[PDB]
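Here is the structure we will look at.
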There are 2 protein chains.
Amino acid sequence: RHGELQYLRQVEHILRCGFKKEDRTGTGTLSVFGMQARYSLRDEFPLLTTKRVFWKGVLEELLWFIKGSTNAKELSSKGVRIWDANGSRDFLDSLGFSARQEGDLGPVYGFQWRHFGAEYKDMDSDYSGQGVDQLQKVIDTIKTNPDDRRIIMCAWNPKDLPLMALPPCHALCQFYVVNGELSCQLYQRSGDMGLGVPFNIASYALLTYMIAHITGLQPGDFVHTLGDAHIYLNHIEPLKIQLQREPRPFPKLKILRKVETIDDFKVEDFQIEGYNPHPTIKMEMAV
Amino acid sequence: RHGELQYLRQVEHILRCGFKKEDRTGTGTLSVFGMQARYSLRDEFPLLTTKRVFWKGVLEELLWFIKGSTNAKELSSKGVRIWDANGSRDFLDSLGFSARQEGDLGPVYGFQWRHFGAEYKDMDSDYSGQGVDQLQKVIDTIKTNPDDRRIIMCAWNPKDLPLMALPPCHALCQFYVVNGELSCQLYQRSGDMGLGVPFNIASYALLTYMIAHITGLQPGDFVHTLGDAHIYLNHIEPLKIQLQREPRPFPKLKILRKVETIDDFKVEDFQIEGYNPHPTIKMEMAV
Ligand SMILES: *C1=[C@](F)([C]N2[C]([C][N]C3=[C][C]=C(C(=O)[N][C]([C][C]C([O])=O)C([O])=O)[C]=[C]3)[C][N]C3=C2C(=O)[N]C([N])=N3)C(=O)[N]C(=O)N1[C]1[C][C]([O])[C]([C]OP([O])([O])=O)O1
Ligand SMILES: CN1c2c(nc(N)[nH]c2=O)NC[C@@H]1CNc1ccc(C(=O)N[C@@H](CCC(=O)O)C(=O)O)cc1
Ligand SMILES: *c1c(F)c(=O)[nH]c(=O)n1[C@H]1C[C@H](O)[C@@H](COP(=O)(O)O)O1
């Protein structure tokens, strides 16, 4: 059956069997703890079709992670504004970060992926050669010892949490190789089913395609594991509309040239083919 | 119906559909990537019944983690020898720890859980007040903000990996509160289905009982998530024997006095009630 049906069944399960659970943002949710889905990456790319997903946002956000950036405004220069609210003067002030520049998210994904364990200063600092380049380590291990059971990139850093504008929603991922295929599992501690989760699915599928490309492997599965999987109260009616829509076959992702290192990928290297979504569904972000 | 059927079905699935995957130990495995099970902790305790599980081992190992120990000899002194092989002279030497005293596992679970980010020296150093006490922070957060979606204890420490005799198998866990119940999800990167996994299920169920007790909550679910779930080749025959056995109702776990802090729990504080396992099944550990 269509892989998108897993996402839709998760949404329906939360609507039907989820518990009312208040949250940080003051919005309110319906919530379930503990879910898992498996999205095949084999000649298909799991960009949801039951609404038009902002693929440019997914793509730019991942390249921004990869380059090690923790500056929301670097992403905003690309017309991708998704991290502006959590980097705003008001939001940073609400957390007591009145001294740092607007857009400075702290030692979040980019910094942990490429410099885990280095001493964070600000978003502009030069961290070259400092900390653990987990992303490069993952790639190197896949190339040289693919049976390894420790192929992990972890953005969760207990020491640095107090400095983060938002601790990583996508906390840890693990890679796996068998039969010439590269799979990835994400541990996502917290999943906004309406906004974040469709992005997260596409983002880690894309990352897996990227790493598969540079390691000469074929993409296998993306296994999506959720902790607190929730529907914000103001997404209930939009999601009930979405749930009635028939998925279209997933698109394909093409990489348009041979790229040798993870740092060399550019937006122009990717083409989504055969993407036929239902119309955009508006959903407001909980700050 | 019976929660143990999930474990048995996972084992059966790996036997039937798992792929042959070579491994670090040289033993070989049948392997699947990405599994999830949910063990209820409500008025019962998921200590497997299709073989007799070494409960004293589970209990002493967890208390050893909680006290921050990284010395296998301190666990061995309790009659629990399960960590001895990975702290042995030959094993340490194989990894390059030629000057390290036998028993010194490096900065593994106990250290990461109570002192994340501290500078490891050796297993006999005093780390009091150094690093992040993740376990106490989990407890405090459950008490002060049970809705929090960041209640995580993570042993995975990229910076410390090179010093570890064995990187954490149980890599990260997350706690969750709803309906007066405390639930726990474990992200286990690597699961030895025959030996480790039955211990891991009981261990995290036990930790959840302990924290629920301290925080005035009822145990909810233990959600078990696996990365590389595998059966060692020399466990195939023993597990096939196990698969022929019908589970008995799970036992209960009783806590025998009011305990106020996680560090005050002692072996004598616990009673497994109504445990009726099938006979012990011997399985050899892959070093
Ligand atoms: C988290 C995370 F990180 C995410 N996120 C971020 C941001 N992002 C975003 C934003 C916005 C958006 C939008 O808007 N979008 C679009 C539509 C859709 C499509 O198409 O796709 C447009 O606009 O167009 C997007 C994205 C940060 N923050 C946040 C987020 C989300 O999602 N949500 C919110 N509310 N916020 C990830 O990654 N994921 C997820 O899921 N996340 C979440 C979870 C929760 O809810 C939150 C956090 O909180 P805590 O409390 O848990 O910490 O988030
Ligand atoms: C999770 N661990 C683990 C590992 N290595 C492997 N291959 N598998 C594992 O599960 N290294 C580190 C740690 C060691 N834990 C363990 C846990 C149990 C046993 C074991 O031998 N248990 C037997 C008998 C124990 C007894 O009764 O004395 C059992 O039947 O459970 C060994 C190592
Ligand atoms: C290790 C443990 F410590 C544990 O708690 N549970 C486990 O299941 N294991 C297993 C997993 C694997 O068989 C070995 C560790 O080997 P690597 O994955 O590090 O090669 O022990």
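Chain A is the first sequence line, chain B the second, and so forth, proteins listed ahead of strands; every chain is numbered from 1. For the numbers below, each heavy atom of this structure counts, side chains included, while hydrogens, waters and symmetry mates do not.
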Report which part of B:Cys184 has an atom under 4.5 Å of a heavy atom belonging to chain A: side chain, backbone, both, or neither.
backbone

A:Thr225 vs B:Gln185, test: side-chain contact (heavy atoms from CB on, under 4.5 Å). Steps then yes/no.
CA-CA 10 Å; A:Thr225 295; B:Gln185 182 164 192; 3.2 Å; yes

With side-chain contact (heavy atoms from CB on, under 4.5 Å) as the criterion, how do A:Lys21 and B:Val177 come out once you've worked through the C-alpha distance, each side chain's angles and the decisive distance to 0.1 Å?
CA-CA 9 Å; A:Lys21 189 168 179 269; B:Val177 181; 5.8 Å; no

With a 4.5 angstrom heavy-atom cut-off, could you sort out which part of A:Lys20 is near chain B: side chain, backbone, both or neither?
backbone

Scan residues 140-150 of chain A for pairs that pass salt bridge (charged side-chain N to carboxylate O under 4.0 Å, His left out), counting only residues two or more places apart or in two chains.
A:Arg149-B:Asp23

What is the distance from atom OG of B:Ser183 to atom CG of A:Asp228, rounded to the nearest 0.5 Å?
11.0 Å

Using a heavy-atom distance cut-off of less than 4.5 Å, which residues of residues 30-37 of chain B contact chain A?
B:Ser31, B:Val32, B:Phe33, B:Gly34, B:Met35, B:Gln36

B:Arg38 versus chain A, heavy atoms under 4.5 Å apart: side chain, backbone, both or neither?
side chain

Report the distance from atom SG of B:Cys173 to atom CZ of A:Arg189, rounding to the nearest 0.5 Å.
14.5 Å

Expected contact set for residues 7-19 of chain B against chain A at heavy-atom separation under 4.5 Å reads B:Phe19

Checking an interface table here. Which of residues 153-166 of chain B come within a heavy-atom distance under 4.5 Å of chain A?
B:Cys154, B:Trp156, B:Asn157, B:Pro158, B:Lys159, B:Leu166

For each of A:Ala118, A:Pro146, A:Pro167, tally heavy-atom pairs with chain B at distances under 4.5 Å, and name the one with the top tally.
A:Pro167

Region of A:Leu186 in contact with chain B, defined by heavy-atom distances below 4.5 Å
neither

Pair count under 4.5 Å, heavy atoms only, with chain B: among A:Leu172, A:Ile152, A:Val178, highest is A:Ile152

